[PDB]
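**Q** Please see the structure below; I have some questions.
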2 protein chains.
Amino acid sequence: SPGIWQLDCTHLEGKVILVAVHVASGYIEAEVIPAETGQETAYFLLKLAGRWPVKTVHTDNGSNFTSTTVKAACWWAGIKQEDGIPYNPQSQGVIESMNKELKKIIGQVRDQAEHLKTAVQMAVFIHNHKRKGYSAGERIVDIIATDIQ
Amino acid sequence: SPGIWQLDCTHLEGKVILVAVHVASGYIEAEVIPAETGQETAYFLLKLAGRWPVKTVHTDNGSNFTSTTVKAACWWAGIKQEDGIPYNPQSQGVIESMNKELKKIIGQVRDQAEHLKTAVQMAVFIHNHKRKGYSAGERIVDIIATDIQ
Ligand SMILES: C=CC[N@H+](Cc1ccccc1C(=O)NCc1ccc(OC)cc1)Cc1ccc2c(c1C(=O)O)OC[C@H](CCC(=O)O)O2
Ligand SMILES: C=CC[N@H+](Cc1ccccc1C(=O)NCc1ccc(OC)cc1)Cc1ccc2c(c1C(=O)O)OC[C@H](CCC(=O)O)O2
């Protein structure tokens, strides 16, 4: 559980926002990309796994699950690549709610930057720091530290 | 201490590698950029502070310290922007050594990717996971978790 992440792809302004969610905490990293290719996804996972102890990634769709470039990145970074089938139906709902919340935050900041990428990084910051009371940033560190110990 | 980071800029292949080091742990994030502008530095700090609890950043040079774009990003993200004067002379040595280590690792992986950015992210992964016995990734999580509790 401390090492489980889920990929999520959402769309805004004719661009793609790729999101990785740490399942147990709700902490996220995200990036804007032109389109969701195997290479973009592979590079994103490489970045993520260099920054956090990524044991398993539930991929966001079958194309990323199939992609040999994505499999190659997961091999390189020691990540177990898995499907993202919502065996628990609550998973779809959680992802959908997160995309809605993220788009809400982007709207709230959208006028503070010219470029969508900047707004998305502001949204990451706000999401990770929001207290609901601990924040997702606090939760992820505590979960992982407990695991190390 | 748990919230203090240091910026560092090094050069390779006619490109700039911008690095943020978590001082207490030696954990790093890095990106390749064409040149080290206020806007590039500002965007990098925005990303960093959305991901880790960044209290203070020692800037890497006077241009980044002066930059109103960098100051604005620090304001946005709640970061105390500071100079990077090595009042402890051991600081220059530590940075120099880290740049040498990073370039060594990049050399070791350089043939595994076409693009420097890929090699740099591989280098981040190797550096953060290397056991020195705990890794820098373990140390940062432990330091921050201890602070939270
Ligand atoms: C078909 C893939 C292309 N190469 C093949 C290659 C070219 C030359 C030498 C070795 C290889 C090789 O297969 N090594 C094993 C490997 C596989 C996956 C992997 O994924 C992390 C990293 C490494 C690897 C690569 C992937 C994603 C990238 C890259 C690059 C690159 O070559 O640098 O460059 C930046 C780009 C940014 C995102 C975007 O622009 O889409 O993401
Ligand atoms: C003179 C700066 C340009 N704007 C001014 C702007 C334009 C329109 C509306 C508001 C503003 C405004 O001042 N808001 C307050 C503010 C200041 C600093 C800040 O720092 C994170 C974020 C927000 C902000 C900006 C900075 C770095 C970027 C950006 C953008 C952007 O406008 O989206 O876009 C991507 C780029 C990527 C790295 C690269 O390509 O160099 O980094």
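Chain identifiers are assigned as A, B, and so on, following the order in which chains appear in the structure tokens; residues are numbered from 1 within each chain, and ligands are numbered from 1 in order of appearance.
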Could you pull out the residues sitting within 6 Å of ligand 1, using only C-alpha atoms and all ligand atoms, and write them as a PyMOL selection string?

**A** (chain A and resi 39-40+42-43+46+69+72-73) or (chain B and resi 111-115+118)

**Q** Can I get the selection written as a PDB file, in the first residue's frame, with C-alpha atoms?

**A**
ATOM      1  CA  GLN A  39       7.014   7.895 -24.442  1.00  0.00           C
ATOM      2  CA  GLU A  40       5.348  10.735 -22.477  1.00  0.00           C
ATOM      3  CA  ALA A  42       7.237   6.398 -19.662  1.00  0.00           C
ATOM      4  CA  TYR A  43       9.119   9.653 -19.000  1.00  0.00           C
ATOM      5  CA  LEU A  46      10.693   7.660 -14.619  1.00  0.00           C
ATOM      6  CA  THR A  69       8.040   1.968 -23.924  1.00  0.00           C
ATOM      7  CA  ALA A  72      10.571  -0.540 -20.482  1.00  0.00           C
ATOM      8  CA  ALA A  73      10.345   2.461 -18.137  1.00  0.00           C
TER       9      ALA A  73
ATOM     10  CA  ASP B 111      23.833   5.460 -23.886  1.00  0.00           C
ATOM     11  CA  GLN B 112      20.459   4.275 -22.484  1.00  0.00           C
ATOM     12  CA  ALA B 113      18.599   7.314 -23.868  1.00  0.00           C
ATOM     13  CA  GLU B 114      18.748   9.670 -26.835  1.00  0.00           C
ATOM     14  CA  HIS B 115      17.846  12.784 -24.842  1.00  0.00           C
ATOM     15  CA  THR B 118      16.061  11.174 -19.803  1.00  0.00           C
TER      16      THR B 118
END

**Q** Go through chain B and flag each residue having an atom no more than 12 Å from ligand 2; for those, report the closest pair of atoms plus their distance in Å to one decimal, using only C-alpha atoms and all ligand atoms, ordered by chain and rising number, as a Markdown table.

**A**
| residue | atom | partner | partner_atom_place_in_ligand_line | distance |
| --- | --- | --- | --- | --- |
| B:18 | CA | ligand 2 | 38 (C) | 11.9 |
| B:31 | CA | ligand 2 | 38 (C) | 10.9 |
| B:32 | CA | ligand 2 | 38 (C) | 11.0 |
| B:33 | CA | ligand 2 | 41 (O) | 8.3 |
| B:34 | CA | ligand 2 | 41 (O) | 9.1 |
| B:35 | CA | ligand 2 | 41 (O) | 8.7 |
| B:36 | CA | ligand 2 | 41 (O) | 8.4 |
| B:37 | CA | ligand 2 | 41 (O) | 6.6 |
| B:38 | CA | ligand 2 | 41 (O) | 7.3 |
| B:39 | CA | ligand 2 | 41 (O) | 4.2 |
| B:40 | CA | ligand 2 | 41 (O) | 3.6 |
| B:41 | CA | ligand 2 | 41 (O) | 7.2 |
| B:42 | CA | ligand 2 | 20 (O) | 4.3 |
| B:43 | CA | ligand 2 | 21 (C) | 4.1 |
| B:44 | CA | ligand 2 | 38 (C) | 7.4 |
| B:45 | CA | ligand 2 | 21 (C) | 7.2 |
| B:46 | CA | ligand 2 | 21 (C) | 5.3 |
| B:47 | CA | ligand 2 | 21 (C) | 8.2 |
| B:48 | CA | ligand 2 | 21 (C) | 10.6 |
| B:49 | CA | ligand 2 | 21 (C) | 10.5 |
| B:50 | CA | ligand 2 | 21 (C) | 11.0 |
| B:67 | CA | ligand 2 | 1 (C) | 9.9 |
| B:68 | CA | ligand 2 | 18 (C) | 8.2 |
| B:69 | CA | ligand 2 | 18 (C) | 4.9 |
| B:70 | CA | ligand 2 | 20 (O) | 6.4 |
| B:71 | CA | ligand 2 | 18 (C) | 7.6 |
| B:72 | CA | ligand 2 | 17 (C) | 4.7 |
| B:73 | CA | ligand 2 | 20 (O) | 4.1 |
| B:74 | CA | ligand 2 | 20 (O) | 7.8 |
| B:75 | CA | ligand 2 | 17 (C) | 8.5 |
| B:76 | CA | ligand 2 | 23 (C) | 6.9 |
| B:77 | CA | ligand 2 | 21 (C) | 8.6 |
| B:78 | CA | ligand 2 | 21 (C) | 11.9 |
| B:79 | CA | ligand 2 | 20 (O) | 11.9 |

**Q** Got a sec to pull out which chain A residues are within 6 Å of chain B, counting only C-alpha atoms, and send them as a PyMOL selection string?

**A** chain A and resi 47+50+121+124-125+141-142+145

**Q** All in-order C-alpha pairs, least squares, chain A moved onto chain B. Output the fitted coordinates as a PDB file with C-alpha atoms, in the first residue's frame, please.

**A**
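Resulting contents of out13.pdb:
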ATOM      1  CA  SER A   1      16.229  22.238   8.710  1.00  0.00           C
ATOM      2  CA  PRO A   2      13.562  19.825   7.324  1.00  0.00           C
ATOM      3  CA  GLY A   3      12.308  22.621   4.994  1.00  0.00           C
ATOM      4  CA  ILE A   4      15.699  23.907   3.710  1.00  0.00           C
ATOM      5  CA  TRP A   5      16.654  23.423   0.061  1.00  0.00           C
ATOM      6  CA  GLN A   6      19.577  24.677  -2.043  1.00  0.00           C
ATOM      7  CA  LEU A   7      19.484  25.447  -5.776  1.00  0.00           C
ATOM      8  CA  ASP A   8      22.387  24.409  -7.984  1.00  0.00           C
ATOM      9  CA  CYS A   9      22.967  24.936 -11.698  1.00  0.00           C
ATOM     10  CA  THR A  10      25.405  22.805 -13.691  1.00  0.00           C
ATOM     11  CA  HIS A  11      26.131  22.438 -17.427  1.00  0.00           C
ATOM     12  CA  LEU A  12      26.394  19.518 -19.856  1.00  0.00           C
ATOM     13  CA  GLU A  13      26.033  19.080 -23.620  1.00  0.00           C
ATOM     14  CA  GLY A  14      25.494  22.833 -24.016  1.00  0.00           C
ATOM     15  CA  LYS A  15      22.428  22.568 -21.804  1.00  0.00           C
ATOM     16  CA  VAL A  16      21.695  23.552 -18.220  1.00  0.00           C
ATOM     17  CA  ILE A  17      20.775  21.109 -15.464  1.00  0.00           C
ATOM     18  CA  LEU A  18      18.932  22.821 -12.634  1.00  0.00           C
ATOM     19  CA  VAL A  19      19.074  20.910  -9.324  1.00  0.00           C
ATOM     20  CA  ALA A  20      17.349  21.429  -5.955  1.00  0.00           C
ATOM     21  CA  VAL A  21      19.016  19.673  -3.028  1.00  0.00           C
ATOM     22  CA  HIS A  22      17.307  18.996   0.282  1.00  0.00           C
ATOM     23  CA  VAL A  23      20.206  20.028   2.513  1.00  0.00           C
ATOM     24  CA  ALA A  24      19.628  17.677   5.501  1.00  0.00           C
ATOM     25  CA  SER A  25      19.182  14.514   3.370  1.00  0.00           C
ATOM     26  CA  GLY A  26      21.019  15.087   0.057  1.00  0.00           C
ATOM     27  CA  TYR A  27      17.809  14.173  -1.826  1.00  0.00           C
ATOM     28  CA  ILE A  28      17.494  15.939  -5.173  1.00  0.00           C
ATOM     29  CA  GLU A  29      15.105  16.908  -7.922  1.00  0.00           C
ATOM     30  CA  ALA A  30      16.500  18.106 -11.268  1.00  0.00           C
ATOM     31  CA  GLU A  31      15.455  19.209 -14.753  1.00  0.00           C
ATOM     32  CA  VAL A  32      17.191  20.040 -18.026  1.00  0.00           C
ATOM     33  CA  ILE A  33      16.417  23.546 -19.346  1.00  0.00           C
ATOM     34  CA  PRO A  34      17.789  25.463 -22.401  1.00  0.00           C
ATOM     35  CA  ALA A  35      19.161  28.265 -20.191  1.00  0.00           C
ATOM     36  CA  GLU A  36      18.743  29.413 -16.550  1.00  0.00           C
ATOM     37  CA  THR A  37      16.224  32.265 -16.747  1.00  0.00           C
ATOM     38  CA  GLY A  38      14.089  33.707 -13.892  1.00  0.00           C
ATOM     39  CA  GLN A  39      11.016  32.082 -15.473  1.00  0.00           C
ATOM     40  CA  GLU A  40      12.618  28.606 -15.692  1.00  0.00           C
ATOM     41  CA  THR A  41      13.834  28.871 -12.105  1.00  0.00           C
ATOM     42  CA  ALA A  42      10.446  30.158 -10.879  1.00  0.00           C
ATOM     43  CA  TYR A  43       8.604  27.286 -12.590  1.00  0.00           C
ATOM     44  CA  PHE A  44      11.030  24.728 -11.168  1.00  0.00           C
ATOM     45  CA  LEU A  45      10.492  26.086  -7.605  1.00  0.00           C
ATOM     46  CA  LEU A  46       6.700  26.030  -8.070  1.00  0.00           C
ATOM     47  CA  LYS A  47       6.935  22.336  -9.006  1.00  0.00           C
ATOM     48  CA  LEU A  48       9.260  21.537  -6.103  1.00  0.00           C
ATOM     49  CA  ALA A  49       7.134  23.299  -3.464  1.00  0.00           C
ATOM     50  CA  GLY A  50       3.964  21.549  -4.668  1.00  0.00           C
ATOM     51  CA  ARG A  51       5.733  18.198  -4.059  1.00  0.00           C
ATOM     52  CA  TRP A  52       7.729  18.750  -0.835  1.00  0.00           C
ATOM     53  CA  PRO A  53       7.293  21.169   2.126  1.00  0.00           C
ATOM     54  CA  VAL A  54       9.779  23.815   0.950  1.00  0.00           C
ATOM     55  CA  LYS A  55      10.253  26.434   3.697  1.00  0.00           C
ATOM     56  CA  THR A  56      13.464  28.076   2.512  1.00  0.00           C
ATOM     57  CA  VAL A  57      15.453  28.048  -0.713  1.00  0.00           C
ATOM     58  CA  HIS A  58      19.060  29.157  -0.908  1.00  0.00           C
ATOM     59  CA  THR A  59      19.286  30.474  -4.474  1.00  0.00           C
ATOM     60  CA  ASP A  60      22.181  29.368  -6.671  1.00  0.00           C
ATOM     61  CA  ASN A  61      23.336  32.851  -7.808  1.00  0.00           C
ATOM     62  CA  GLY A  62      22.599  36.571  -7.563  1.00  0.00           C
ATOM     63  CA  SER A  63      20.545  36.694 -10.757  1.00  0.00           C
ATOM     64  CA  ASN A  64      18.028  34.181  -9.368  1.00  0.00           C
ATOM     65  CA  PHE A  65      18.127  35.942  -6.022  1.00  0.00           C
ATOM     66  CA  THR A  66      17.322  39.270  -7.747  1.00  0.00           C
ATOM     67  CA  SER A  67      14.762  37.965 -10.248  1.00  0.00           C
ATOM     68  CA  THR A  68      11.297  39.399  -9.622  1.00  0.00           C
ATOM     69  CA  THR A  69       9.815  36.309 -11.334  1.00  0.00           C
ATOM     70  CA  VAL A  70      11.650  34.076  -8.899  1.00  0.00           C
ATOM     71  CA  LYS A  71      10.589  36.288  -5.937  1.00  0.00           C
ATOM     72  CA  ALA A  72       7.005  36.074  -7.260  1.00  0.00           C
ATOM     73  CA  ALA A  73       7.150  32.263  -7.386  1.00  0.00           C
ATOM     74  CA  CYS A  74       8.532  32.152  -3.851  1.00  0.00           C
ATOM     75  CA  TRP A  75       5.738  34.478  -2.687  1.00  0.00           C
ATOM     76  CA  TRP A  76       3.130  32.297  -4.428  1.00  0.00           C
ATOM     77  CA  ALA A  77       4.463  29.044  -2.990  1.00  0.00           C
ATOM     78  CA  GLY A  78       5.191  30.420   0.511  1.00  0.00           C
ATOM     79  CA  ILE A  79       8.942  29.983   0.209  1.00  0.00           C
ATOM     80  CA  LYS A  80      11.469  32.165   2.003  1.00  0.00           C
ATOM     81  CA  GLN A  81      13.948  33.135  -0.722  1.00  0.00           C
ATOM     82  CA  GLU A  82      17.518  33.422   0.581  1.00  0.00           C
ATOM     83  CA  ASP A  83      20.996  33.936  -0.815  1.00  0.00           C
ATOM     84  CA  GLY A  84      23.392  30.996  -1.253  1.00  0.00           C
ATOM     85  CA  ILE A  85      26.528  32.545   0.266  1.00  0.00           C
ATOM     86  CA  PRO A  86      28.687  29.667   1.622  1.00  0.00           C
ATOM     87  CA  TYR A  87      29.093  31.073   5.170  1.00  0.00           C
ATOM     88  CA  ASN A  88      30.227  27.542   5.864  1.00  0.00           C
ATOM     89  CA  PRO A  89      32.961  26.959   3.265  1.00  0.00           C
ATOM     90  CA  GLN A  90      32.151  23.212   3.245  1.00  0.00           C
ATOM     91  CA  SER A  91      28.977  24.073   1.249  1.00  0.00           C
ATOM     92  CA  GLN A  92      30.864  24.871  -2.004  1.00  0.00           C
ATOM     93  CA  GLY A  93      32.705  21.560  -1.702  1.00  0.00           C
ATOM     94  CA  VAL A  94      29.512  19.572  -1.125  1.00  0.00           C
ATOM     95  CA  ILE A  95      27.818  21.189  -4.167  1.00  0.00           C
ATOM     96  CA  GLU A  96      30.895  20.638  -6.374  1.00  0.00           C
ATOM     97  CA  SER A  97      31.125  16.982  -5.303  1.00  0.00           C
ATOM     98  CA  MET A  98      27.434  16.523  -6.030  1.00  0.00           C
ATOM     99  CA  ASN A  99      27.770  17.978  -9.526  1.00  0.00           C
ATOM    100  CA  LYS A 100      30.717  15.657 -10.216  1.00  0.00           C
ATOM    101  CA  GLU A 101      28.781  12.608  -8.931  1.00  0.00           C
ATOM    102  CA  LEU A 102      25.727  13.589 -10.963  1.00  0.00           C
ATOM    103  CA  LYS A 103      27.773  13.983 -14.139  1.00  0.00           C
ATOM    104  CA  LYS A 104      29.420  10.603 -13.421  1.00  0.00           C
ATOM    105  CA  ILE A 105      26.025   8.903 -13.186  1.00  0.00           C
ATOM    106  CA  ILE A 106      24.818  10.649 -16.347  1.00  0.00           C
ATOM    107  CA  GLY A 107      27.872   9.216 -18.165  1.00  0.00           C
ATOM    108  CA  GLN A 108      27.074   5.736 -16.835  1.00  0.00           C
ATOM    109  CA  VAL A 109      23.535   5.902 -18.305  1.00  0.00           C
ATOM    110  CA  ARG A 110      24.083   8.231 -21.218  1.00  0.00           C
ATOM    111  CA  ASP A 111      23.836   5.463 -23.860  1.00  0.00           C
ATOM    112  CA  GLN A 112      20.439   4.264 -22.482  1.00  0.00           C
ATOM    113  CA  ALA A 113      18.600   7.331 -23.857  1.00  0.00           C
ATOM    114  CA  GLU A 114      18.775   9.678 -26.825  1.00  0.00           C
ATOM    115  CA  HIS A 115      17.855  12.801 -24.845  1.00  0.00           C
ATOM    116  CA  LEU A 116      19.838  14.348 -22.022  1.00  0.00           C
ATOM    117  CA  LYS A 117      16.618  14.960 -20.009  1.00  0.00           C
ATOM    118  CA  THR A 118      16.054  11.158 -19.776  1.00  0.00           C
ATOM    119  CA  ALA A 119      19.611  10.540 -18.634  1.00  0.00           C
ATOM    120  CA  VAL A 120      19.250  13.287 -16.000  1.00  0.00           C
ATOM    121  CA  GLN A 121      16.049  11.682 -14.651  1.00  0.00           C
ATOM    122  CA  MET A 122      17.838   8.293 -14.505  1.00  0.00           C
ATOM    123  CA  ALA A 123      20.615  10.033 -12.590  1.00  0.00           C
ATOM    124  CA  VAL A 124      18.083  11.542 -10.131  1.00  0.00           C
ATOM    125  CA  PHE A 125      16.657   8.058  -9.556  1.00  0.00           C
ATOM    126  CA  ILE A 126      20.079   6.454  -8.998  1.00  0.00           C
ATOM    127  CA  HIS A 127      21.241   9.262  -6.678  1.00  0.00           C
ATOM    128  CA  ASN A 128      18.069   9.210  -4.539  1.00  0.00           C
ATOM    129  CA  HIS A 129      18.015   5.423  -4.210  1.00  0.00           C
ATOM    130  CA  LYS A 130      21.762   4.920  -3.551  1.00  0.00           C
ATOM    131  CA  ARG A 131      22.457   3.481  -0.101  1.00  0.00           C
ATOM    132  CA  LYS A 132      25.388   4.862   1.893  1.00  0.00           C
ATOM    133  CA  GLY A 133      22.887   2.347   5.216  1.00  0.00           C
ATOM    134  CA  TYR A 134      19.981   4.571   4.196  1.00  0.00           C
ATOM    135  CA  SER A 135      19.237   6.316   0.885  1.00  0.00           C
ATOM    136  CA  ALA A 136      18.623  10.063   0.427  1.00  0.00           C
ATOM    137  CA  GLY A 137      14.965   9.202  -0.390  1.00  0.00           C
ATOM    138  CA  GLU A 138      14.655   7.380   2.941  1.00  0.00           C
ATOM    139  CA  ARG A 139      16.387  10.207   4.830  1.00  0.00           C
ATOM    140  CA  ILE A 140      14.139  12.974   3.464  1.00  0.00           C
ATOM    141  CA  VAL A 141      10.911  11.123   4.327  1.00  0.00           C
ATOM    142  CA  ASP A 142      12.195  10.255   7.838  1.00  0.00           C
ATOM    143  CA  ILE A 143      13.334  13.836   8.493  1.00  0.00           C
ATOM    144  CA  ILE A 144      10.032  15.335   7.353  1.00  0.00           C
ATOM    145  CA  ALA A 145       7.892  12.698   9.128  1.00  0.00           C
ATOM    146  CA  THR A 146       9.786  13.370  12.375  1.00  0.00           C
ATOM    147  CA  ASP A 147       9.038  17.109  11.899  1.00  0.00           C
ATOM    148  CA  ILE A 148       5.302  16.516  11.300  1.00  0.00           C
ATOM    149  CA  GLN A 149       5.346  14.346  14.457  1.00  0.00           C
TER     150      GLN A 149
END

**Q** What residues in region 15-123 of chain B get the DSSP label alpha helix (DSSP H)? Please answer as a VMD selection string.

**A** chain B and resid 38 to 51 62 to 66 68 to 77 90 to 109 116 to 123

**Q** Write down as a list in words the residues belonging to chain B that are assigned strand (DSSP E) by DSSP computed on the backbone.

**A**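 Taking chain B and keeping strand (DSSP E) gives residues 4, 5, 6, 7, 8, 9, 10, 11, 12, 15, 16, 17, 18, 19, 20, 21, 22, 28, 29, 30, 31, 32, 33, 56, 57, 58, 80, 81 and 82 of chain B.
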